[PDB]
file coords.pdb (PDB, N, CA and C atoms)
ATOM      1  N   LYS V 493      79.927  86.651 115.242
ATOM      2  CA  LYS V 493      79.198  87.111 114.057
ATOM      3  C   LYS V 493      79.219  86.064 112.975
ATOM      4  N   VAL V 494      78.510  86.326 111.893
ATOM      5  CA  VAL V 494      78.516  85.429 110.777
ATOM      6  C   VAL V 494      79.703  85.763 109.882
ATOM      7  N   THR V 495      80.828  85.296 110.311
ATOM      8  CA  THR V 495      82.078  85.428 109.633
ATOM      9  C   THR V 495      82.907  84.246 110.090
ATOM     10  N   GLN V 496      82.912  83.213 109.300
ATOM     11  CA  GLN V 496      83.516  81.971 109.699
ATOM     12  C   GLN V 496      84.881  81.820 109.079
ATOM     13  N   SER V 497      85.754  81.157 109.769
ATOM     14  CA  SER V 497      87.084  80.930 109.295
ATOM     15  C   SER V 497      87.137  79.714 108.369
ATOM     16  N   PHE V 498      87.606  79.925 107.173
ATOM     17  CA  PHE V 498      87.727  78.882 106.196
ATOM     18  C   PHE V 498      89.104  78.976 105.594
ATOM     19  N   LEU V 499      89.609  77.884 105.113
ATOM     20  CA  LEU V 499      90.905  77.881 104.487
ATOM     21  C   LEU V 499      90.766  77.490 103.019
ATOM     22  N   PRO V 500      90.706  78.478 102.126
ATOM     23  CA  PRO V 500      90.582  78.244 100.696
ATOM     24  C   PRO V 500      91.963  78.009 100.024
ATOM     25  N   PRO V 501      91.988  77.420  98.806
ATOM     26  CA  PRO V 501      93.239  77.059  98.114
ATOM     27  C   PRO V 501      94.086  78.268  97.713
ATOM     28  N   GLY V 502      95.264  78.345  98.280
ATOM     29  CA  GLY V 502      96.165  79.414  97.996
ATOM     30  C   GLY V 502      96.238  80.409  99.114
ATOM     31  N   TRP V 503      95.167  80.523  99.861
ATOM     32  CA  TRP V 503      95.133  81.409 100.990
ATOM     33  C   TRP V 503      95.787  80.781 102.188
ATOM     34  N   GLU V 504      96.302  81.615 103.021
ATOM     35  CA  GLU V 504      96.927  81.218 104.235
ATOM     36  C   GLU V 504      96.400  82.125 105.333
ATOM     37  N   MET V 505      95.908  81.536 106.386
ATOM     38  CA  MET V 505      95.309  82.275 107.470
ATOM     39  C   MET V 505      96.294  82.450 108.601
ATOM     40  N   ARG V 506      96.642  83.670 108.876
ATOM     41  CA  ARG V 506      97.559  83.976 109.960
ATOM     42  C   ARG V 506      96.965  85.072 110.825
ATOM     43  N   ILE V 507      97.663  85.463 111.869
ATOM     44  CA  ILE V 507      97.162  86.467 112.788
ATOM     45  C   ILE V 507      98.058  87.689 112.752
ATOM     46  N   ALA V 508      97.468  88.835 112.578
ATOM     47  CA  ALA V 508      98.199  90.067 112.603
ATOM     48  C   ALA V 508      98.352  90.501 114.055
ATOM     49  N   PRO V 509      99.482  91.147 114.411
ATOM     50  CA  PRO V 509      99.749  91.619 115.790
ATOM     51  C   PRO V 509      98.622  92.496 116.372
ATOM     52  N   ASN V 510      97.802  93.071 115.503
ATOM     53  CA  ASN V 510      96.659  93.886 115.938
ATOM     54  C   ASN V 510      95.507  93.022 116.490
ATOM     55  N   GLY V 511      95.635  91.710 116.357
ATOM     56  CA  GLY V 511      94.656  90.802 116.904
ATOM     57  C   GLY V 511      93.629  90.346 115.890
ATOM     58  N   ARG V 512      93.866  90.628 114.635
ATOM     59  CA  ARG V 512      92.944  90.225 113.591
ATOM     60  C   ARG V 512      93.591  89.172 112.735
ATOM     61  N   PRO V 513      92.863  88.137 112.361
ATOM     62  CA  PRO V 513      93.372  87.163 111.438
ATOM     63  C   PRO V 513      93.327  87.713 110.023
ATOM     64  N   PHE V 514      94.291  87.374 109.244
ATOM     65  CA  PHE V 514      94.364  87.868 107.902
ATOM     66  C   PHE V 514      94.574  86.724 106.958
ATOM     67  N   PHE V 515      94.127  86.893 105.755
ATOM     68  CA  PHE V 515      94.293  85.891 104.759
ATOM     69  C   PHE V 515      95.180  86.406 103.661
ATOM     70  N   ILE V 516      96.188  85.662 103.373
ATOM     71  CA  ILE V 516      97.105  85.992 102.319
ATOM     72  C   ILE V 516      97.009  84.955 101.216
ATOM     73  N   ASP V 517      96.636  85.390 100.039
ATOM     74  CA  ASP V 517      96.517  84.505  98.932
ATOM     75  C   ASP V 517      97.796  84.448  98.198
ATOM     76  N   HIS V 518      98.348  83.285  98.129
ATOM     77  CA  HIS V 518      99.606  83.099  97.486
ATOM     78  C   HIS V 518      99.455  83.043  95.977
ATOM     79  N   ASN V 519      98.213  82.987  95.494
ATOM     80  CA  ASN V 519      97.972  82.963  94.065
ATOM     81  C   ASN V 519      98.083  84.363  93.505
ATOM     82  N   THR V 520      97.226  85.235  93.981
ATOM     83  CA  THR V 520      97.136  86.592  93.477
ATOM     84  C   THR V 520      97.968  87.586  94.295
ATOM     85  N   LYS V 521      98.655  87.068  95.332
ATOM     86  CA  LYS V 521      99.584  87.855  96.185
ATOM     87  C   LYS V 521      98.820  88.883  97.048
ATOM     88  N   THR V 522      97.568  88.610  97.347
ATOM     89  CA  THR V 522      96.752  89.585  98.065
ATOM     90  C   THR V 522      96.748  89.276  99.560
ATOM     91  N   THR V 523      96.536  90.282 100.371
ATOM     92  CA  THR V 523      96.506  90.121 101.798
ATOM     93  C   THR V 523      95.487  91.062 102.417
ATOM     94  N   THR V 524      94.432  90.518 102.965
ATOM     95  CA  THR V 524      93.431  91.326 103.620
ATOM     96  C   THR V 524      92.698  90.453 104.650
ATOM     97  N   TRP V 525      91.882  91.069 105.458
ATOM     98  CA  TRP V 525      91.065  90.377 106.412
ATOM     99  C   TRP V 525      89.800  89.973 105.699
ATOM    100  N   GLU V 526      89.116  88.989 106.197
ATOM    101  CA  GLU V 526      87.914  88.574 105.558
ATOM    102  C   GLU V 526      86.764  89.474 105.966
ATOM    103  N   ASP V 527      86.486  90.422 105.124
ATOM    104  CA  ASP V 527      85.367  91.319 105.295
ATOM    105  C   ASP V 527      84.100  90.560 104.863
ATOM    106  N   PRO V 528      82.931  90.903 105.411
ATOM    107  CA  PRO V 528      81.676  90.236 105.075
ATOM    108  C   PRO V 528      81.291  90.446 103.616
ATOM    109  N   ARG V 529      81.455  91.664 103.142
ATOM    110  CA  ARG V 529      80.982  92.018 101.828
ATOM    111  C   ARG V 529      82.028  91.655 100.792
ATOM    112  N   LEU V 530      83.295  91.632 101.231
ATOM    113  CA  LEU V 530      84.435  91.248 100.385
ATOM    114  C   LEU V 530      84.241  89.825  99.861
ATOM    115  N   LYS V 531      83.584  88.980 100.661
ATOM    116  CA  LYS V 531      83.345  87.591 100.280
ATOM    117  C   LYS V 531      82.373  87.501  99.091
ATOM    118  N   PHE V 532      81.551  88.505  98.933
ATOM    119  CA  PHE V 532      80.621  88.572  97.828
ATOM    120  C   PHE V 532      81.230  89.441  96.749
ATOM    121  N   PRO V 533      80.815  89.299  95.497
ATOM    122  CA  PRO V 533      81.319  90.153  94.442
ATOM    123  C   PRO V 533      80.810  91.588  94.607
ATOM    124  N   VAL V 534      81.720  92.521  94.715
ATOM    125  CA  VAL V 534      81.359  93.914  94.833
ATOM    126  C   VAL V 534      81.831  94.666  93.612
ATOM    127  N   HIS V 535      83.113  94.570  93.317
ATOM    128  CA  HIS V 535      83.654  95.264  92.155
ATOM    129  C   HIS V 535      83.101  94.694  90.857
ATOM    130  N   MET V 536      82.891  93.392  90.810
ATOM    131  CA  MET V 536      82.357  92.792  89.610
ATOM    132  C   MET V 536      80.837  92.723  89.687
ATOM    133  N   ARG V 537      80.246  93.912  89.664
ATOM    134  CA  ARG V 537      78.796  94.161  89.653
ATOM    135  C   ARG V 537      78.555  95.648  89.833
ATOM    136  N   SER V 538      79.490  96.304  90.501
ATOM    137  CA  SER V 538      79.431  97.718  90.682
ATOM    138  C   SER V 538      80.179  98.363  89.537
ATOM    139  N   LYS V 539      79.450  98.676  88.508
ATOM    140  CA  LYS V 539      79.987  99.292  87.319
ATOM    141  C   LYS V 539      79.116 100.468  86.958
TER     142      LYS V 539
END
call {"tool": "encode", "arguments": {"input": "coords.pdb", "output": "structure tokens"}}
result
Amino acid sequence: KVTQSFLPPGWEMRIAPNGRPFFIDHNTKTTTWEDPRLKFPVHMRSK
């Protein structure tokens, strides 16, 4: 699919035992998988 693996500053790409790669941002302490829509601004437009 159109979901490419990239390594952005602060993020760390690892693999979860469930078989999905996850990105953990060491800046904001966040950890999630790269969702398609997550890559685009959703919360900062949905008001």
call {"tool": "atom_distance", "arguments": {"input": "coords.pdb", "atom1": "atom CA of residue 536 of chain V", "atom2": "atom CA of residue 506 of chain V"}}
result
26.9 Å
call {"tool": "atom_distance", "arguments": {"input": "coords.pdb", "atom1": "atom CA of residue 503 of chain V", "atom2": "atom CA of residue 521 of chain V"}}
result
9.2 Å
call {"tool": "residues_around", "arguments": {"input": "coords.pdb", "residues": "residue 512 of chain V", "least_positions_apart": "6", "cutoff": "12 Å", "atoms": "only C-alpha atoms", "output": "short mmCIF file (atom, residue, chain, number, x, y, z; two decimals) with N, CA and C atoms, keeping the file's coordinate frame"}}
result
data_model
loop_
_atom_site.label_atom_id
_atom_site.label_comp_id
_atom_site.auth_asym_id
_atom_site.auth_seq_id
_atom_site.Cartn_x
_atom_site.Cartn_y
_atom_site.Cartn_z
N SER V 497 85.75 81.16 109.77
CA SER V 497 87.08 80.93 109.30
C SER V 497 87.14 79.71 108.37
N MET V 505 95.91 81.54 106.39
CA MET V 505 95.31 82.28 107.47
C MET V 505 96.29 82.45 108.60
N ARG V 506 96.64 83.67 108.88
CA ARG V 506 97.56 83.98 109.96
C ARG V 506 96.96 85.07 110.82
N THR V 524 94.43 90.52 102.96
CA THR V 524 93.43 91.33 103.62
C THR V 524 92.70 90.45 104.65
N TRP V 525 91.88 91.07 105.46
CA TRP V 525 91.06 90.38 106.41
C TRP V 525 89.80 89.97 105.70
N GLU V 526 89.12 88.99 106.20
CA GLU V 526 87.91 88.57 105.56
C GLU V 526 86.76 89.47 105.97
N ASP V 527 86.49 90.42 105.12
CA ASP V 527 85.37 91.32 105.30
C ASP V 527 84.10 90.56 104.86
#
call {"tool": "atom_distance", "arguments": {"input": "coords.pdb", "atom1": "atom CA of residue 516 of chain V", "atom2": "atom C of residue 539 of chain V"}}
result
27.7 Å
call {"tool": "resolve_selection", "arguments": {"input": "coords.pdb", "expression": "the PyMOL selection byres ((chain V and resi 502) around 5)", "output": "VMD selection string"}}
result
chain V and resid 500 to 501 503 to 504 517 to 519
call {"tool": "closest_residue", "arguments": {"input": "coords.pdb", "among": "V:494, V:523, V:528, V:533", "to": "residue 508 of chain V", "atoms": "only C-alpha atoms"}}
result
V:523
